[PDB]
Amino acid sequence: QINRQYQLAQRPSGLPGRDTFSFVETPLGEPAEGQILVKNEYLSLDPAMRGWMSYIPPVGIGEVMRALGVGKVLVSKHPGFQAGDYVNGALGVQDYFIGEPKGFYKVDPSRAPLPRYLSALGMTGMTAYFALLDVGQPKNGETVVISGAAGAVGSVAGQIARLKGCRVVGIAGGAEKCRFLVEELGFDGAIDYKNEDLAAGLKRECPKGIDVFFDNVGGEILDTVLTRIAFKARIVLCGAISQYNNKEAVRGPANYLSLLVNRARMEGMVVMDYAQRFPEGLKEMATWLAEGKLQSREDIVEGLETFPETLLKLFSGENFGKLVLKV
Amino acid sequence: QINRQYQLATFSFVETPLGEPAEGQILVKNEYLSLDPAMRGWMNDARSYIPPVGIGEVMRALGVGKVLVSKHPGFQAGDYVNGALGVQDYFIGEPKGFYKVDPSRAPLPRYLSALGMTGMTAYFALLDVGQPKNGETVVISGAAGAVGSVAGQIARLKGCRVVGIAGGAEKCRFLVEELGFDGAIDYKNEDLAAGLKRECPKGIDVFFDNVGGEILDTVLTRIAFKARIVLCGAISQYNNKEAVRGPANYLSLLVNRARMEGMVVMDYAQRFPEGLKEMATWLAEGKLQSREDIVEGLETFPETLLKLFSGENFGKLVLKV
Ligand SMILES: NC(=O)c1ccc[n+]([C@@H]2O[C@H](COP(=O)([O-])OP(=O)(O)OC[C@H]3O[C@@H](n4cnc5c(N)ncnc54)[C@H](OP(=O)(O)O)[C@@H]3O)[C@@H](O)[C@H]2O)c1
Ligand SMILES: NC(=O)c1ccc[n+]([C@@H]2O[C@H](COP(=O)([O-])OP(=O)(O)OC[C@H]3O[C@@H](n4cnc5c(N)ncnc54)[C@H](OP(=O)(O)O)[C@@H]3O)[C@@H](O)[C@H]2O)c1
């Protein structure tokens with residue numbers, strides 16, 4: 001049995017294209033004590049990958065590329081897991097995972113499709129959940145603005161905010177995504193940053209200011225949102241995708257003093273800090289899904305070999321929904 | 001009787017007749033006036049936290065003074081007050097945001113510094129927003145200034161390691177030898193990153209920012225897990241003809257799961273009594289020190305005013321009227 005794997009060959013400069021990865025065929029090993037062996041089925045493609053090439057150590061050169069995934073346990077030398085289980089874990093960009101199941105959890109394939117355990121019922125879902133609710137602390141009637149709003153995190157964030165009684169405004173790229181936000185996910189409004197002036201969009205959509213800004217994007221979008229925040233607003237720093245491929249320095253928010261004028265808070269978060277609360281998060285999210293109160297879209301791309309090419313879709317805005325790679 | 005005033009024209013010294021207080025009003029002989037950096041920010045156009053001084057109107061100044069006549073249920077003749085008394089001999093109007101100060105518990109001018117606005121800013125911004133704990137490392141910008149020098153001393157009292165950033169070898173010496181800061185970084189002569197690397201081994205848990213600009217952006221690179229950055233001001237940016245700099249390292253808040261939060265001292269006006277009571281005991285026991293640089297004569301105003309961005313004020317700048 002062969003285990004195909006993408007390895008990190010070189011730390012990339014800007015956008016990471018080919019020759020950044022090395023496609024390698026190594027023989028399938030066997031798990032040691034405390035380890036499990038997993039047949040990888042669906043891989044999560046995440047903007048955080050660029051950073052992996054910080055809050056977590058980077059990928060070692062010559063190591064398998066880091067990747068969250070869902071897979072079938074073939075064998076287990078670990079009390080927590082048994083052969084036949086389906087697991088969410090750091091499975092890597094390869095056919096098969098062998099190692100310590102640290103922070104792995106079982107998923108039930110009969111209750112939801114596997115790729116869902118990478119979105120709304122996975123990491124991106126939890127990010128939206130804990131970031132919005134614990135850090136954003138939205139309340140009934142508050143104006144909630146979300147960047148990267150048609151994405152996996154933003155789309156779930158927008159909807160939970162809607163369920164909390166918030167007026168929800170999405171900032172997204174292109175007419176199709178902005179239409180999706182309003183007609184499908186139930187956002188109160190949308191701003192197409194690619195086609196309309198963002199400031200005028202915000203003035204239109206948030207005339208009395210913004211109480212909660214969920215930032216997935218950073219850059220000029222963040223800086224413009226800053227001129228419009230309300231007294232005691234919360235800015236959740238979830239990501240800065242517009243900056244991840246910078247050869248140049250990060251674009252700092254020149255309107256940051258709005259946080260002073262408005263006595264507002266800007267706070268960062270990392271989803272793994274909430275691991276102890278995952279079951280309660282996953283449980284409540286699941287009931288939202290079942291009740292039709294929240295919708296999750298996955299964008300599945302087939303074939304492990306397409307990894308380098310498919311990854312770039314996140315940075316070109318080419319993904320429509322949570323990007324998943326079928327192995 | 002005459003009320004000498006400075007009203008916003010660069011200014012204008014105009015003698016005016018002393019009027020008389022109506023209902024809801026008090027009459028106050030102004031004794032000491034607060035010269036604050038915020039005086040500049042008040043003169044701008046864009047929506048600040050409080051509306052600008054109107055063209056032609058008496059220049060805003062916080063001050064301490066004696067009530068001569070009260071037509072207000074909360075104030076009595078002979079009370080001493082703190083309030084927006086303005087750049088003038090006498091205040092007449094509603095005591096919007098005034099409070100009584102006990103002249104027995106402290107020197108009158110101290111009710112403009114540690115027991116006044118700058119002291120309460122340090123008090124509430126550090127403790128409510130920074131929430132420093134025993135053994136945490138607390139870095140203060142403008143640490144020699146009126147807010148920073150108090151914030152750093154309260155930090156010391158809470159059991160923190162306290163590191164100050166200040167201009168000049170003299171001021172840095174003062175923080176360590178006189179105020180009891182654990183370390184000091186001379187931003188004017190020394191590299192800041194190296195200074196911070198040196199003075200803050202375990203990273204930075206609380207940053208009390210009075211300055212913004214490059215200092216903030218450098219501090220961001222060494223904040224710790226779950227750090228708190230208190231935005232109190234951005235003095236290095238107030239005299240900019242062009243755009244505020246902006247922290248390029250702000251994503252440190254993400255990597256470190258840290259919080260950056262602004263505050264305005266008057267939001268805590270209702271809690272001033274407990275804050276002032278505690279601050280008074282610290283001063284009285286000699287645990288916390290307050291410096292005021294007092295210049296005599298209202299007439300010296302425009303000259304005295306030219307000090308707060310220079311760095312010439314040693315202590316809280318106060319004008320005796
Ligand atoms: N802090 C944590 O714990 C944590 C965990 C997971 C993810 N994240 C972060 O959350 C954010 C969203 O991730 P996701 O999984 O939901 O990915 P996603 O939003 O589903 O996909 C990426 C989206 O980013 C937008 N985008 C890319 N470049 C942009 C640019 N230059 N300007 C504006 N928009 C741009 C594109 O949307 P448009 O086509 O609409 O422009 C693209 O569809 C990322 O910043 C990620 O790093 C944080
Ligand atoms: N948010 C609120 O409620 C509130 C209340 C009061 C004050 N503030 C703000 O907090 C700040 C402190 O006010 P303060 O009364 O304590 O004034 P201050 O510190 O007594 O006077 C100015 C001090 O700022 C420092 N400074 C000036 N320009 C600088 C620069 N370019 N780089 C580095 N340091 C510089 C100087 O320190 P060195 O001489 O050592 O360089 C100087 O001592 C101001 O920005 C003020 O507007 C906010």
Side-chain angles (χ1 to χ4, degrees), chain A residues 199 203 207-209 226-233 254-264, chain B residues 3-14 16 25 28 30 33-63 82-88 90-98 112 116-118 120-121 125 142 145-147 210-213 231-245 262-269 298 301-310 316-317 319 321:
Chain A
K203 184 152 97 161
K208 196 56 209 294
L226 289 178
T227 61
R228 305 295 278 100
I229 62 170
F231 169 75
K232 283 197 45 68
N255 304 318
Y256 84 98
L257 283 184
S258 180
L259 296 167
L260 177 51
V261 171
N262 298 117
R263 28 275 212 234
Chain B
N3 187 31
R4 307 176 297 174
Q5 308 178 144
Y6 283 97
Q7 54 194 348
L8 184 59
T10 182
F11 288 97
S12 34
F13 181 82
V14 172
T16 318
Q25 302 189 332
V28 168
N30 299 344
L33 294 177
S34 184
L35 286 87
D36 296 305
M39 278 171 163
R40 172 76 184 87
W42 291 328
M43 311 186 294
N44 287 357
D45 262 11
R47 266 85 186 175
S48 186
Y49 58 87
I50 201 152
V53 179
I55 314 154
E57 292 181 47
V58 185
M59 186 45 191
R60 189 189 282 111
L62 301 176
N82 176 286
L85 301 180
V87 200
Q88 54 183 348
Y90 286 94
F91 167 85
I92 287 186
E94 270 217 0
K96 186 185 179 85
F98 286 42
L112 294 168
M117 190 271 296
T118 50
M120 290 296 96
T121 301
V147 178
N210 289 302
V211 169
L231 294 192
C232 173
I235 197 160
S236 73
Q237 308 293 295
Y238 291 165
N239 289 313
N240 284 29
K241 282 89 177 180
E242 278 136 296
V244 170
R245 193 183 172 277
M263 64 82 62
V264 163
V265 60
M266 294 316 286
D267 291 353
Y268 289 94
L298 170 69
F301 172 65
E303 169 83 338
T304 316
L305 176 53
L306 201 71
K307 272 197 170 194
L308 313 105
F309 312 94
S310 333
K316 208 274 171 291
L317 193 49
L319 188 43
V321 169

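So you know, we letter chains A, B, ... as the sequences are listed, proteins then strands, and number each from 1. What you see below is based on every heavy atom in this structure, not just the backbone, and it leaves out hydrogens, waters and symmetry mates.
No donor-acceptor pair under 3.5 Å is formed between the side chain of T121(B) and the backbone N or O of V265(B). Side chain of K316(B) to backbone of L35(B): a donor-acceptor contact under 3.5 angstrom is found. Side-chain atoms of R60(B) do not come within 3.5 Å of backbone N or O of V58(B) as any donor-acceptor pair.
With rounding to the nearest 0.5 Å, the separation of CE in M263(B) from CG in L259(A) is 14.0 Å. Expressed to the nearest 0.5 Å, how far CG of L33(B) lies from CG of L317(B) amounts to 10.5 Å. With rounding to the nearest 0.5 Å, the separation of CE in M43(B) from CE in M59(B) is 5.5 Å. Atom CG of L62(B) sits about 9.0 Å away from atom CZ of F98(B), to the nearest 0.5 Å. Between the CG atom of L257(A) and the CG atom of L226(A) there is a distance of 10.0 Å, given to the nearest 0.5 Å. Taken to the nearest 0.5 Å, the CE atom of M39(B) stands 7.0 Å off from the CG atom of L305(B).
When all heavy atoms of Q25(B) and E94(B) are compared, the closest pair comes out as CG-N, 4.0 Å. Contact detail for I229(A) and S258(A): the closest heavy-atom pair is CG1-OG, 3.3 Å. Residues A61(B) and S34(B) approach most closely at CB-O, 4.1 Å, considering heavy atoms. The minimum heavy-atom distance between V147(B) and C232(B), with the atom names listed, is CG1-SG, 4.0 Å. Minimum heavy-atom separation, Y238(B) to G233(B): OH-CA, 3.7 Å. Nearest heavy-atom pair, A234(B) versus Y256(A), reported as atom, atom and distance to 0.1 Å: CB-OH, 3.9 Å.
A 6.0 Å sphere centred on CZ of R40(B) holds more than 12 heavy atoms belonging to other residues, nucleotides or ligands.
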(request) Go through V244(B) and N255(A) one step at a time and tell me if the side-chain contact (heavy atoms from CB on, under 4.5 Å) criterion holds. (result) CA-CA 7 Å; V244(B) 170; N255(A) 304 318; over 6 Å; no
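Considering only residues two or more places apart in sequence or on other chains, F301(B) meets the ring pair (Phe, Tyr, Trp, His ring centres under 6.0 Å) condition with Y6(B), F11(B).
Contact check for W42(B) versus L8(B): no side-chain heavy atoms found under the 4.5 Å cut-off. Contact annotation: the side chain of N30(B) approaches that of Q88(B) to within less than 4.5 Å [non-hydrogen atoms, C-beta and beyond]. Side-chain contact check for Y49(B) versus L260(A): every heavy-atom pair is 4.5 Å or farther apart. Proximity of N82(B) to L112(B): side-chain heavy atoms (C-beta onward) are separated by under 4.5 Å at one or more points.
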